[PDB]
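Residue numbers (our numbering), protein chains in the order written: chain A, 1 to 107; chain B, 1001 to 1106; chain C, 2001 to 2024.
Shown next, in structure tokens, is the structure this report addresses.
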Amino acid sequence: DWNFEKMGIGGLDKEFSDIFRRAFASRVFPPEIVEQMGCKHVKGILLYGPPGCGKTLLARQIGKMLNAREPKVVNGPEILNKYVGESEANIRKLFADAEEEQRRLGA
Amino acid sequence: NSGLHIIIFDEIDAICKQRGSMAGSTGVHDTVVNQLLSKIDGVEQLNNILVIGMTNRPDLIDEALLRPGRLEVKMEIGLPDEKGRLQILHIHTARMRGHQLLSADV
Amino acid sequence: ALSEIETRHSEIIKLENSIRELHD
Ligand SMILES: Nc1ncnc2c1ncn2[C@@H]1O[C@H](COP(=O)(O)OP(=O)(O)O)[C@@H](O)[C@H]1O
């Protein structure tokens, strides 16, 4: 579904093809066959550009379209607090938040 | 219908500089900048406040504070014109003319 | 160091409680 242009953001009519072809390539197939093939899922997207272009809107929209959990977020340099060790404890906290769920519910 | 709360940061340039430029071991300046930026702009919403700051050089101001929605408005105070000079002098000498201590020559 | 100070805060709370039990 590509009402994105009319969803509320103009953007471009070319990105979505690449984005969701890669996403489908990654996550559509059943876990067992993907494991057997031993291919690695895509984990990581880079966005950049001048402000005021709707990057946050694009992020929310893409997060909503995919059937995933409510998106969790963090600040830009607040991660670098005036302390040595916070940059470890807080980051480990953020990752452990989902690690606990993965352990509980399993693979 | 709360009202208005107006806070003034005299010599705002004293405490606000580039976040990453500073190499001092302690990061007090960065922490205060972060706290103020979070307070002014963030998830929490404020609608009954007005912050105004004054500097004597806009050069030492980090761009994050100039971001629209926080300090979008700006204004320069240039030099007075001749007519403004006349009005200024009138104001500066009203008392003296009040007590008859100014010679008619001037 | 943050965990240390947090543990010491817990300790001071416990100390208050115990001195709040021994006095009475
Ligand atoms: N095509 C668009 N339609 C409607 N609003 C837009 C569009 N592009 C940008 N905006 C507005 O501009 C802002 C984009 O800010 P953004 O550039 O994401 O900030 P940052 O760079 O800090 O993420 C949003 O508030 C959004 O409402």
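Backbone N, C-alpha and C fix where the C-beta goes; we use that ideal spot for every residue, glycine too.
Can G1078/B be considered in contact with ligand 1, in the sense that its beta carbon sits closer than 8 Å to one or more heavy atoms?
For the purposes of this step, residue 1078/B is taken as residue 78 along the second sequence, with counting starting at 1. Result no, Cβ not under 8 Å from ligand 1.
Does the beta-carbon of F4/A have 16 or more other beta-carbons within 10 angstroms, so that it is buried, or is it exposed?
In the first sequence, residue 4/A corresponds to position 4, counting from 1. Burial call: buried.
is_contact[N81/A, chain B] using C-beta, thresh 9 Å:
Position 81 of the first sequence, counted from the first residue, corresponds to residue 81/A. Answer yes: the Cβ-Cβ gap between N81/A and chain B drops below 9 Å somewhere.
Determine the burial state of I1012/B: buried for a count of at least 16 other Cβ atoms within 10 Å of its Cβ, exposed for fewer.
Taking the second sequence and counting its residues from 1, one reaches residue 1012/B at position 12. By the Cβ-count criterion, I1012/B is buried, with 16 or more other Cβ atoms from all chains shown falling within 10 Å of its own Cβ.
Does any heavy atom of ligand 1 sit closer than 8 Å to the C-beta of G63/A?
Taking the first residue of the first sequence as 1, we reach residue 63/A at position 63. No; taking the cut-off as 8 Å, the Cβ of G63/A has no heavy atom of ligand 1 nearer than that.
At 4 residues or longer, what runs of the alpha helix (DSSP H) sit wholly inside the stretch 6 to 85 of chain A?
Runs found: 15 to 27, 31 to 37, 55 to 65.
Could you check whether the stretch 96 to 104 of chain A touches the stretch 1042 to 1060 of chain B, counting it as contact only if at least three pairs of C-beta atoms, one from each stretch, sit closer than 8 Å?
no
Taking only beta-carbon positions, decide if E100/A is within less than 9 Å of chain B.
Counted from its first residue, the first sequence places residue 100/A at position 100. False, the Cβ-Cβ gap to chain B never drops below 9 Å.
Check whether the Cβ of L57/A lies closer than 8 Å to any heavy atom of ligand 1, and answer yes or no.
Taking the first residue of the first sequence as position 1, residue 57/A is located at position 57. At least one heavy atom of ligand 1 is nearer than 8 Å to the Cβ of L57/A, so yes.
Below 6 Å CB to CB, which residues in the same chain sit around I1007/B once its five sequence neighbours on both sides are set aside?
Residue mapping note: residue 1007/B aligns to position 7 of the second sequence, counting from 1. Within the same chain, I1007/B has close Cβ partners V1051.
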